[PDB]
Amino acid sequence: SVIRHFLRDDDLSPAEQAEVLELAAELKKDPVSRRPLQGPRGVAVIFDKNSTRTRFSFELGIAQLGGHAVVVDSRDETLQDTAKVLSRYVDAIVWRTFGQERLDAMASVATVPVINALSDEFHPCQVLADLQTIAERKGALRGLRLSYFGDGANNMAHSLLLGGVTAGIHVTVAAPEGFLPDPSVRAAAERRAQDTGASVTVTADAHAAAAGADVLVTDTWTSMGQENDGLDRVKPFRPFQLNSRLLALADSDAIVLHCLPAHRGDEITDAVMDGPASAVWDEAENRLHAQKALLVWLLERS
Amino acid sequence: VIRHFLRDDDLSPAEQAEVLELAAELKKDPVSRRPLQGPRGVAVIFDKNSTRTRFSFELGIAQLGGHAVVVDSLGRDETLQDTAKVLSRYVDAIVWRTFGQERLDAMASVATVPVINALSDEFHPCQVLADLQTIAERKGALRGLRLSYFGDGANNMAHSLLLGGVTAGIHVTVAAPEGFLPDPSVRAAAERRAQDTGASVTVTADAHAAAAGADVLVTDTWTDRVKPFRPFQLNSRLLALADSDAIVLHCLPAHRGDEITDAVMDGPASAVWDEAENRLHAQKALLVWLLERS
Amino acid sequence: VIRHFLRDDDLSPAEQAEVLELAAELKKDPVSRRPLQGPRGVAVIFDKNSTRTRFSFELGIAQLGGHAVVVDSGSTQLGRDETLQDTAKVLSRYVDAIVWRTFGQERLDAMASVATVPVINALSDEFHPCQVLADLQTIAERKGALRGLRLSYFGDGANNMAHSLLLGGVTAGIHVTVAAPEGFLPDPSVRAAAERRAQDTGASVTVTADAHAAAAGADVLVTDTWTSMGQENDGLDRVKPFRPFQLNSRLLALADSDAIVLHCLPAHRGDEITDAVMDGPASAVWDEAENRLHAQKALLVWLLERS
Ligand SMILES: Cc1ccc(B(O)O)cc1[N+](=O)[O-]
Ligand SMILES: Cc1ccc(B(O)O)cc1[N+](=O)[O-]
Ligand SMILES: Cc1ccc(B(O)O)cc1[N+](=O)[O-]
Ligand SMILES: Cc1ccc(B(O)O)cc1[N+](=O)[O-]
């Protein structure tokens with residue numbers, strides 16, 4: 001069998017993503033019913049930069065699959081040497097790293113599945129959790145309208161583009177000039193959207209992006225590695241704040257998503273986070289179920 | 001109906017008796033209770049690392065069938081209320097080592113799973129449950145025993161021995177020098193609870209009088225900048241004034257030669273090693289009890 | 001009678017054979033032995049961190065049904081806030097075995113002298129005995145019977161691997177040669193213990209500065225890093241003396257034609273070992289890395305049942 005990896009959202013076809021999302025709903029209902037790692041078999045969970053929430057969710061999820069997560073947090077060894085030995089110890093490799101080329105290198109030589117837990121360019125597992133949450137609140141994903149606001153070149157904007165159009169969602173990214181999606185990601189999303197009937201829109205007009213939306217999404221304006229980049233990373237993003245005024249422009253039944261943690265008062269307001277349209281708490285919980293589903297699916301296919 | 005354990009008197013006398021009985025049952029049959037089978041998660045969070053606390057909780061949770069998710073050294077990148085909401089979706093209880101009591105109260109008022117004070121500046125209520133289990137297995141009934149704590153009367157063990165001790169019906173004496181006495185509000189709460197159980201509260205600077213007739217002698221680390229505590233050293237002369245078959249307690253680590261001597265720590269009155277082991281059983285019992293009530 | 005494993009010759013030749021057979025059985029059936037079902041605890045304590053040591057022990061302990069409690073070096077070093085004797089006393093109430101990475105051998109001795117559960121040396125300044133059990137399992141897999149094989153170690157002859165290959169190798173009946181420059185020779189006490197154990201097994205001990213002679217006719221060639229982290233500031237040029245002892249293709253071609261190459265990880269490609277040797281058909285480094293899991297599980301199962 002071909003060893004499958006999940007390094008970016010479009011590594012799953014539309015039909016494969018639907019299978020993983022259906023499995024996430026099944027696992028939420030029956031969380032110890034799938035035990036492919038019974039033994040326990042190991043899963044490596046490796047951090048080039050520590051992420052407590054990522055480690056938390058995978059550590060518990062792997063245990064609930066019957067496995068034992070071995071956490072290695074933040075040189076002496078080539079990536080090829082690491083892939084070779086880990087393939088003897090564990091049944092999958094979950095890795096939080098920086099550049100995408102490193103994930104590609106690991107996945108090219110490892111003989112077990114490699115999962116991008118979180119990287120600079122993509123956050124594929126969080127977007128599976130998002131799609132699971134939208135399906136819970138709204139039903140069918142195909143044809144929904146989703147708008148993301150803020151830094152249009154960060155990992156969530158890229159993954160909402162790719163994962164969203166894979167699900168058949170029309171995705172809009174509202175971002176200031178200078179902060180737009182990577183051209184390669186945008187072109188890949190446009191091509192994938194052709195297969196599903198979705199579309200890709202990029203705009204600097206936050207009000208137009210909010211009008212008619214079914215889902216509004218935002219994220220922190222600045223990652224830790226961007227704090228020293230020299231830019232004023234507040235002034236450009238203020239018009240893109242997800243506040244009550246913006247939300248009132250969307251569909252009456254619109255929901256709001258936000259990868260945690262949120263910086264209340266910056267990209268999102270208290271009234272929105274804590275109001276009836278907020279799905280952020282279900283979204284955070286569903287990271288557990290969606291990651292378990294992804295692991296089960298990759299392991300069975302590999 | 002979500003019960004928390006932030007300080008010793010969060011359990012009533014009857015509820016404390018239930019937890020202590022459960023701790024004895026779990027010592028006998030350590031994998032017989034599996035409320036966390038799955039595994040279900042328990043968050044174990046440290047604002048300041050404590051290896052011994054982490055060690056005992058991590059193993060005990062595993063023996064309840066659970067998986068402890070340990071977070072070393074909250075409130076860093078998100079509000080405490082946001083943290084409580086999400087944690088309540090991932091785990092069945094929250095074990096937290098933090099400093100001020102206002103942080104514990106804040107987490108407990110929002111979380112919809114039990115919050116346990118693993119160790120704090122003001123109280124050490126899990127360690128006192130382990131002490132009470134140790135006293136009961138060596139002496140039987142707790143009601144009416146005389147317990148004396150020696151040394152720093154302002155620290156968390158003095159407060160918890162006062163509150164947890166009188167909750168069990170024990171007459172508690174704190175022997176301590178002038179600049180290091182119990183917090184007045186803890187003392188008042190312990191005097192109130194002692195009226196319900198027939199116990200009493202005494203605070204004195206006279207170590208000889210506190211040791212005379214004691215059934216349980218307890219001390220703890222003092223931290224010469226420790227001159228005022230040396231008259232309260234738990235040494236062979238003090239122990240010789242106690243009731244026959246008295247026992248000596250000290251939560252670890254102990255600084256031998258400071259607050260306690262080798263002859264007392266390694267002698268026949270010492271229950272320090274059983275006491276350390278019973279932290280495992282008592283914390284498991286607390287978790288089992290809170291989980292079934294919540 | 002509580003058994004410990006602080007150094008390779010803590011097992012007799014017959015006992016070592018039992019552990020190695022158990023390691024082969026556990027490789028075939030990795031969750032069939034559950035002496036720690038419960039879970040029972042095992043303490044895994046690091047005075048200095050070693051990721052690969054923790055990785056392998058943590059997973060192996062879970063596969064025995066247990067739960068590893070890992071205590072890293074950030075925690076106050078054992079001996080500082082508390083005597084080793086007090087620590088052993090309390091750990092004995094919490095866990096069924098103590099796995100400890102520490103420095104001087106006297107600390108291990110003090111711990112095992114009072115603990116009432118088995119104490120295992122995970123890695124120390126003087127010995128690396130669990131790694132050599134993994135090596136012996138790997139050699140047996142590739143070669144069959146260990147008795148009478150010729151094994152040569154190259155590089156720093158006074159580090160923990162050289163000492164454990166001497167003691168563990170002669171316990172298995174292997175003729176062990178250490179090839180090292182003057183000033184980097186095995187500890188005399190270890191060499192004398194190996195020489196004594198060797199006359200029980202038909203083995204032999206050789207120490208030489210001649211790398212070519214040590215490679216000629218060898219069945220197994222082994223090396224390790226020339227410097228550990230604690231030696232980087234010892235004042236010595238730790239490259240120039242070891243260059244003649246590099247495991248490269250020319251050295252390997254002197255050995256027996258079916259010789260195998262071992263190196264515990266990490267390895268520094270280009271220094272003590274070359275890419276061609278690491279990645280060629282004689283290399284057993286990857287199987288060796290994997291067998292750390294099985295050999296450590298076997299050692300724990302054996303010590304727990306014997307105690
Ligand atoms: C357990 C383990 C894990 C990774 C590596 B390696 O070097 O990436 C090595 C080991 N090992 O050899 O014990
Ligand atoms: C697993 C976990 C734990 C805590 C938080 B939070 O924001 O305190 C978030 C997550 N999460 O959404 O992955
Ligand atoms: C020991 C080690 C070293 C490096 C890496 B890595 O991914 O750069 C991983 C490990 N590991 O997973 O054990
Ligand atoms: C769990 C544990 C482990 C070790 C020690 B000790 O003092 O080395 C103490 C405890 N304890 O008292 O909880």
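Each chain gets a letter, A, B and so on, in the order its sequence line appears, and its residues count up from 1. Just so it is clear, the values below take in all heavy atoms, side chains as well, and ignore hydrogens, waters and symmetry mates.
For B/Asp72, no part sits under 4.5 Å from any heavy atom of chain C, backbone or side chain. With a threshold of 4.5 angstrom between heavy atoms, B/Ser50 does not approach chain C through any atom at all. Looking at C/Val95, the atoms closer than 4.5 Å to chain B (heavy atoms on both sides) all sit in the side chain, from C-beta outward. B/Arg54 touches chain C through its side chain: at least one heavy atom from C-beta onward sits under 4.5 Å away, while N, CA, C and O do not.
Residues C/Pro39 and B/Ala62 approach most closely at CD-O, 3.3 Å, considering heavy atoms. For the pair C/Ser75 and B/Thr51, the tightest heavy-atom approach, listed with the atom from each and the gap, is OG-OG1, 2.7 Å. Residues C/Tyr94 and B/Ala276 come closest through the heavy atom pair OH-O, 2.6 Å.
Going from atom CE of B/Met265 over to atom CG of C/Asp86 covers 6.0 Å, rounded to the nearest 0.5 Å. To the nearest 0.5 angstrom, C/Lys89 atom NZ is 11.5 Å from B/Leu252 atom CG. In this structure, B/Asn49 CG and C/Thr76 OG1 are separated by 9.5 Å, a value rounded to the nearest 0.5 Å.
Within a 6.0 Å sphere centred on CZ of B/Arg40, heavy atoms belonging to other residues, nucleotides or ligands number more than 12. For CZ of B/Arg237, the number of neighbouring non-hydrogen atoms (other residues, nucleotides, ligands) closer than 6.0 Å is 12 at most. More than 12 non-hydrogen atoms from other residues, nucleotides or ligands lie less than 6.0 angstrom from CD of C/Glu18.
Between the side chains of B/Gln63 and C/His67, no donor N or O sits under 3.5 Å from an acceptor N or O.
Side-chain contact between B/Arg52 and C/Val90 is absent, with no heavy atoms from C-beta onward closer than 4.5 Å.
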